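Structure first, then comments.
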2 protein chains.
Amino acid sequence: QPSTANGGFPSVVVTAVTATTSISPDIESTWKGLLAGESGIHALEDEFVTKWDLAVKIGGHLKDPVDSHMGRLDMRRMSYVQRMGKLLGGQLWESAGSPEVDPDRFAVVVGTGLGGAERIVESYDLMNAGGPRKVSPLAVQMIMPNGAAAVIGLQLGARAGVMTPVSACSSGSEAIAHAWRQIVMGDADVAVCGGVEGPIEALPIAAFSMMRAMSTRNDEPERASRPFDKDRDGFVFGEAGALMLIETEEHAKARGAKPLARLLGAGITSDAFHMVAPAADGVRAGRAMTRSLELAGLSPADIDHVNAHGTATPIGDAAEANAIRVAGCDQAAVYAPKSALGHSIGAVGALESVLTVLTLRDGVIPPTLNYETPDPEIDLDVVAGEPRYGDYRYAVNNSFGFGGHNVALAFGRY
Amino acid sequence: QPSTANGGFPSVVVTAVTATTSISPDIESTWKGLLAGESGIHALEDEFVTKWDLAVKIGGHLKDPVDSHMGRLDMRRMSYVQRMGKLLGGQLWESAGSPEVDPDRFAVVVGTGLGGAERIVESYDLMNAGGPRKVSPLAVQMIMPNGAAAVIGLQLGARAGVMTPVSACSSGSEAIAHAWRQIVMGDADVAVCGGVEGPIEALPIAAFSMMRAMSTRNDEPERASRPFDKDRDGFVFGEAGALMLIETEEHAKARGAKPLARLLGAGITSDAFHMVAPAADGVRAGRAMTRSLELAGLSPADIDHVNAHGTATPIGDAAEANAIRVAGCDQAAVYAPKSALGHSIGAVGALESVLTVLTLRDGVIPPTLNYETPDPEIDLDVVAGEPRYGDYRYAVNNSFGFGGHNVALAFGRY
Ligand SMILES: CCCCS(=O)(=O)Nc1ccc2cnn(C)c2c1
Ligand SMILES: CCCCS(=O)(=O)Nc1ccc2cnn(C)c2c1
Ligand SMILES: CCCCS(=O)(=O)Nc1ccc2cnn(C)c2c1
Ligand SMILES: CCCCS(=O)(=O)Nc1ccc2cnn(C)c2c1
Ligand code: NA
Ligand code: NA
């Protein structure tokens, strides 16, 4: 039975990371800010908040808006998530040293929650106002949810597959999972993978608010996202996109790339429980963690750190606490980055995967913000107060998305 | 190096199929109609054709509309593709004998091109008319493109993963590819997989028409879709959804299920060439065919039949002819079912995969409709005139989607 530990799978390393967040457009600055206890969450200044009198008046816009980097041409030719993908793709390749790779061994896998949806409404409006010939010949390629991955694959020249998994909050982690599979099954030697997501606007707020899924602690925005805290009251939107470069250890060594961490295994399960609520017992979500360990060749006692999904909904954090216990990982040091960065849906699993890599690289876990009165019914070792420096050898990143999609990624220190 | 032929991968069989098409809601009736030379393509009767004076006035609506099976509750709770998924999921399970399987070894993988997009506009309109609290608490789960797969996973109780690949025209084949991977990597023993897609309306017609991708032969609708014909002038929409049940041969034998065919291997590559045009040289698309043979353990001389992607665009059919030659499969008997069934985007690769299974089961290939003056620059062995009965041992189904996504599925006679 093949595993990374027993050599049945090739060794796969993470060699570059990039992200744009509510704290910073630079991932190393985001990381420094997280360690300093900074939050990206603010009072929403946009006109649409007062226009609709939204119950939610907080969130984290990108520190550096994607379109401050987009000229007239890109604003014409691409949907928002495509522009974010193009921006992150070029940043990642530069960060990797702009390597010359074999396009036929190079894959792209980028998840997203929705796609180029603003272009659906625009095309609708243009046709209503001017007839069918006022729809752009570019409408299809901007609207299609595979569009961001296709843009990145075309930009970087990836000819070993361009894939787009859609699984809501787990999309960006699932993308990394499928990129790992594409390499270990022999279809590729190198892959760009992660997730992109659109911005905060009034309709997204209304849609998730009507599930009671979002915090309404508007008077103290940086205090609103409280994963595992007794007084949590839902998640906070925090915009992001994130990509990483993974490749076989042999491929990295042959080009002089220095690994930041190892990607050891990936588990994908499903709850088949409810269309938006996670299963209370945490069993299938814990099984995704277990499966990632089976493929890595690890036991639960090896897991020093869990980067929680931790959205700060009442039911979600309780389900995840059961999942971590089910997987035998409840002695691990737990971090919930949505406490500081908010929830970026289809990007967030990729962002948190990057954070897990940086935790392993630097031997430090940032504080979970707002963890002040731990929920009495949840007993996890949540890092809080200030960063915890420790000997983290292996870690699991959790993403448990709406729809019941469970993805666990097992990483190791390089 | 593992292959199906050398036992490195478990044997995987197809045990049930279901589909709704422009010819019939019953896949066996669709098959009989194809063999009889029937077309699902008709003059569009809908009011929107005259309202917009669309250049395209032809297409194939489902013979039996999905919503003639949907009551008030389903019309309230689900997007269109979710309703189609629920309908096909229940039909497939009944067709399979309603087996009791282990939910923890049971996966669902259903592709789609777009998702619950009509619910985006509706939620937009409701909020414009009544404020944020007039958005349904069900809006998120109806809109999210993973919604159809989640509905099916919840309906049938699949807890070994629920996945949604998005790759335009290749989505439904890519779903079958990923379901095969989930089984051969050991994550599941049984999987429901395929693709669903929305209906023909005015905006979809306008969007694809403005690329010049669609036929405008309105005076003879059944003659308009002409894959590989000298006088082809683009594709024709033909609505569909399709699912198949795959499982390990051992799992099928243990429950008395009779296989219809074997699923032997799957290849996924990408062009990285253009956002909507396929690469003229056909090289990466041919490589997807080759990769499916490598994983199956077949050589090109084994391939008796290719179920072409064959959309009947000028550039697409020419690129595919090069791909088939690149893969060494140009002695295979070729069928282009879009000649009769039209193009159903995210469903069509799954539909054509079902047709490939039926070709192998019954030893017959239906006639490619409208193949009357073969394009002098394309030299393939296109089945035409009447069905060709032959000794088809192995076959490849091609799907080459907008964005440059190439999926080839290798099937064998059981
Ligand atoms: C962190 C915020 C996430 C908001 S969302 O989940 O509703 N995705 C999203 C995706 C695409 C677009 C286009 N415009 N808009 C507004 C979009 C929004
Ligand atoms: C521009 C239109 C925004 C559509 S929305 O306001 O309803 N938000 C939204 C809804 C569902 C999903 C699933 N994934 N993701 C990211 C989603 C986002
Ligand atoms: C065979 C026709 C395919 C049309 S399409 O590619 O534009 N998919 C599509 C998907 C969802 C919806 C919801 N409403 N509508 C109209 C939809 C259409
Ligand atoms: C209800 C809104 C329809 C949006 S549309 O008219 O522009 N058609 C459309 C456009 C792009 C894609 C990609 N996959 N698929 C299926 C697509 C379909
Ligand atoms: Na996490
Ligand atoms: Na085909």
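Note on the protein assembly as shown: Cα-only Rg and Dmax are 25.0, 77 Å. A helix-only calculation puts chain B at -10000 deg cm²/dmol for mean residue ellipticity at 222 nm, using -39500 (n - 2.57) for each DSSP H run of at least four residues, averaged over all residues. Taken one residue at a time, the phi angles of the range B:279-284 give Karplus couplings (6.51, -1.76, 1.60, θ = phi - 60°) of 5, 4, 6, x, 6, 5 Hz. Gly and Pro are set to x. Determine the shape class of the range A:1-264: with a ≥ b ≥ c the square roots of the Cα gyration tensor eigenvalues, call it rounded for a/c under 1.5, and otherwise prolate if a/b is greater than b/c, oblate otherwise. Because a/c hits 1.5 or more and a/b fails to exceed b/c, the range A:1-264 counts as oblate. Within the listed set B:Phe235, B:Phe400, B:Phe273, the residue fluctuating most in the Gaussian network model of chain B (springs between alpha-carbon atoms under 10 angstrom) is B:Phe273. Note on B:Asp53 and A:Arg72: their simple-model spin labels are 3.1 nm apart, each label 7 Å out from Cα toward Cβ. Looking at the protein assembly as shown, the DSSP beta bridges with both ends there are about 65 percent antiparallel. Phi angles across the range B:152-158 convert, under the Karplus curve 6.51 cos²θ - 1.76 cosθ + 1.60 with θ = phi - 60°, into 3J(HN,Hα) values of 5, x, 6, 4, 9, x, 8 Hz, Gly and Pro given as x.
Sort B:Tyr414, A:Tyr371 so the one with the fewest other Cβ atoms within 10 Å of its own Cβ comes first.
On the way: B:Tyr414 17, A:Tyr371 23.
Least crowded to most crowded, the residues run B:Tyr414, A:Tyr371.
Across the range A:1-264, C-alpha contacts under 8 Å between residues 6 or more apart give a mean separation that, scaled by the residue count, equals a relative contact order of 32 percent. Between copies, B:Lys258 shows label-point distances of 6.5 nm, shortest first, with the point placed 7 angstrom from Cα along Cα to C-beta. For B:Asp330, no residue 5 or more places off, or on another chain, has a built amide H under 5 Å of its own. Label zone of B:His274 (point 7 Å out along Cα→Cβ, amide N under 12 Å): in the range A:98-126 this covers no residue at all. Taking amide H as placed 1.01 Å from N in the peptide plane, B:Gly390 has its amide H under 5 Å from the amide H of B:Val364, B:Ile365, each at least 5 places away in sequence or on another chain. Between copies, the label points of A:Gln155, set 7 Å from Cα on the Cα→Cβ line, lie 3.8 nm apart, reported in increasing order to one decimal in nanometres.
If contacts are Cα pairs under 8 angstrom and at least 6 residues apart, what is the relative contact order of the range A:185-279 in percent?
32 percent
Between the amide H of B:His343 and those of B:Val236, B:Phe237, B:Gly238, distances stay under 5 Å, these residues lying 5 or more places away or on another chain, with hydrogens modeled in the peptide plane.
Which of the three applies to the range A:319-414, rounded, prolate or oblate, going by the alpha-carbon gyration tensor with a ≥ b ≥ c and a/c under 1.5 meaning rounded? Since a/c stays below 1.5, the shape of the range A:319-414 is classed as rounded. The relative contact order of the range B:17-137, computed from alpha carbon pairs under 8 Å that lie at least 6 residues apart in sequence, is 21 percent.
Ideal geometry is used to build each Cβ from the backbone, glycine not excepted, and the neighbour counts take in all protein chains shown. Every number in this text was worked out from the coordinates using simple rules, so none of it is lab data.
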